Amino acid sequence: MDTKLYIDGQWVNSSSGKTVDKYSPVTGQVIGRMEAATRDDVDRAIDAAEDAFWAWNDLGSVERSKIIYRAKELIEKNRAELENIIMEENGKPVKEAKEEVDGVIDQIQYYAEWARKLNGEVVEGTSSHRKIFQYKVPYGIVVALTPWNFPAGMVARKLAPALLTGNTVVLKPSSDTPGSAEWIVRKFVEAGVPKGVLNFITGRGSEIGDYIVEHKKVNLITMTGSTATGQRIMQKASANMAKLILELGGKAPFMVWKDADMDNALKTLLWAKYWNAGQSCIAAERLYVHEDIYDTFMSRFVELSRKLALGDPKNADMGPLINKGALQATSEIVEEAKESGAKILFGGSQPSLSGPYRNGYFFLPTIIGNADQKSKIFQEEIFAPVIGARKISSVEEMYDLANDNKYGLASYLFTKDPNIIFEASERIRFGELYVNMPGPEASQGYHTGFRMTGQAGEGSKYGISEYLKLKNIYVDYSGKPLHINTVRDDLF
């Protein structure tokens, strides 16, 4: 697939004529190219979104919702193509590709359904002939930056609320996954999104990354990705004071209390560690199991993990890592854990596969025993199918170990003790706490976290409300002479 740019209502090439290659993570070979937009291409996109703003705003949320619902319907009718792009670009197992598309459709529906419901407010003024009207309006130009890990889902997550609320958009996806973003944009265009409202830019971070976030006309940046990139964004966006929506790294603790339903804890851990090969912002990244059940728990976890099939999307339980860098990083991580005296209970290397799969970026499920709380494998995001395990014996200890983390997104808890449940609901300082169940997040939740996890959040009434700016109108309708305490009336 050769993907293109979409700027001010037309599909176009990069104005340098330059491109970037797309590699299959399943086979390791080139399967596609995308355009490498220049800064002038970016300026044109941003100017187009500026010019389209007032008419997009004036249409109203209901009319905007009709277009967004239309896009959902076209996506749904032709979902197989999108599922296939995800399998090709990411190597996801077919059921993950299908589930992610299910999420694309669910999100678009959910966000468009907010039409004419995100109300402003009327407040008492400082007299009986004064009121304060509080309107919720769009921020203006939204830059939407989506990561490679959920390359369809994350596009729906950002475009649908930005658009429903009356902002115009310039979307730049990950260069590892341009295809799924392009396809979704195309469907929005087919749905009737007007000229300049939705723009699509691909290119190298090193050429256009700072430029698109620091640009004088940007009003809001909505981004999911790496912590380091979110930090740079926040630095650069000081040039425009853009409203920021950053969802960054996670290091979810997975906590299994002595009274946990073992089977459910273990099903959920297989999901939480190995879904999308651990390439999830809510992946189980630390395992804490009560000492009374630690040995039986770990034995069964290793035995189940042994039964996972890697390989082709058509039949694998688990797919490859996104690119050669992710693979080299993951090996380096495991080798550092080894050189620290961590014990590898299973995995820890790339397997030797045959056929075209020999050159994909496959990594084995990897379980690490008696992992130090202060080690790199406990303190730094891994984003791959590797986890360390540690024993716990008390509730206060469990809370303290979990919160001793620079990340604060998801977390998991298995127990039948209602008091641990309710207490942890406040004591576990994480944006999401999953209790006796797996993720992923729901559209009605507010996907967010504490500490290095970022800024603002996505989903729920509050997430869609992050794309609205509250403004105040103070009116005086007394029809009488003003009296201002610090201004002498004898001047009049």
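Residue positions are given as counts along the sequence shown, with the first one as 1.
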| query | finding |
| --- | --- |
| Entry-level comparison of average CA B-factors, 337 to 345 and 277 to 285, reporting the higher stretch | 337 to 345 |
| Given 460 to 468 and 424 to 432, the range whose Cα B-factors average higher in the PDB entry | 424 to 432 |
| Identity of residue with top Cα B-factor, from 219, 149, 107, 331 | 331 |
| Residue of maximum C-alpha B factor among 355, 319, 196, 178, per deposited coordinates | 355 |
| Chain third (lowest, middle, highest) by recorded CA B-factor, residue given as residue 117 | lowest |
| Residue 247 - Cα temperature factor, lowest/middle/highest third of chain | lowest |
| Residue 368 - Cα temperature factor, lowest/middle/highest third of chain | highest |
| Chain-wide C-alpha B factor ranking for residue 154, given as lowest, middle or highest third | lowest |
| Chain thirds of CA B-factor: placement of residue 449 | highest |
